[PDB]
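Encoded as structure tokens, the following chain is the form deposited in one PDB entry, with no partner shown.
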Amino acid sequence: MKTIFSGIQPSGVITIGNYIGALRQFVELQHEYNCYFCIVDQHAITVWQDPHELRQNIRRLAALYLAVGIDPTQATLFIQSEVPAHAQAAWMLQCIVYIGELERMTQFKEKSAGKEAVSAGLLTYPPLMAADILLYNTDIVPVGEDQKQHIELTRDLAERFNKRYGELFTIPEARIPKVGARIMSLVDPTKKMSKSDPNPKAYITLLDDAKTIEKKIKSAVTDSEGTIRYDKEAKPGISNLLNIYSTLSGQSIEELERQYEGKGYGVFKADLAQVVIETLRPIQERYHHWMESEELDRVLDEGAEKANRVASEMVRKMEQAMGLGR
């Protein structure tokens, strides 16, 4: 059976954009593929992190993965730093990637923009992400659209390694949702919904309460058309709301447009807020249960055990190929 790998950085904010673009896919695909889902703590430290908050954010993200439905009998959930292979593999790949290649990454240009002394991990983020993927002989990497470039570099690195040292890596392919690959800010729908937006009304976190969801959806920027129809260019706000509605409800954009034919944005927003609440409430309840359980650690212990068995073997093969060691 084919293999899937995907990772999410532990942070103070996990959004419905993370859920729609990524987590929803993980749950969908977990029974049909061998799956490795990672909490990428080593990527998190590419920017300063308060240590106590990081430790908590790592547990919170593990709880959210399990709360949304990732099943430990179907998938391997683990913390990146707990599998030394990722750092070892990242080093080997950093040795074959070119500085120019890292400098062209949009993620790097955006995260380093207007910066004054950029910490090096920001620049060397990609090789570590490529290691994450390649270590598991990954076929498919389910992500939102914003990870496409990183996966393109990963494919380039795998091909480069294979040409130089012998065929070892499977060339992985991104799997990006048709609808909801790039959920936009509710405040400015021409911008992506981001975990780090300074305006909390831009995103909905997976832990937002009902009153908070309602406020955010209601305030969502729209237009002066009063017509619920998809049109990314002309109606970015309504289009983005339609994507959220479609993905969470399971109704097609066409179904929703018909349903709301002749209706205004008010009822549409009230109904969408309810769909978001209906989605997040059961997740939140399961999330608190995991946060209070010793089983959360057991699940992560088991995941690192499995991940370490597979990744450590791939690292041995990589070293053998480059002639490191003995």
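In case it trips you up, residue 1 is the first one in the sequence shown, and so on. Take the two forms, superpose them, and find the largest set of C-alpha atoms that agree within 1.5 Å; that set is the rigid core.
Separately, the form deposited in another entry exists; it is not shown, and the next lines address it.
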Open item on the list: With the two forms fitted on the rigid core, I'd like to know which residue in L77, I238, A158, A90 is displaced by 2 angstroms or more at its CA between this form and the one not shown.
Closed with: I238
Open item on the list: So, superposing on the core, is the move of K263 at the CA at least 2 angstroms between this form and the one not shown?
Closed with: yes
TODO: For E254, state whether the C-alpha moves by 2 Å or more between this form and the one not shown after rigid core superposition.
DONE: yes
Task: C-alpha of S219 off by 2 Å or more between this form and the one not shown on rigid core - done: yes
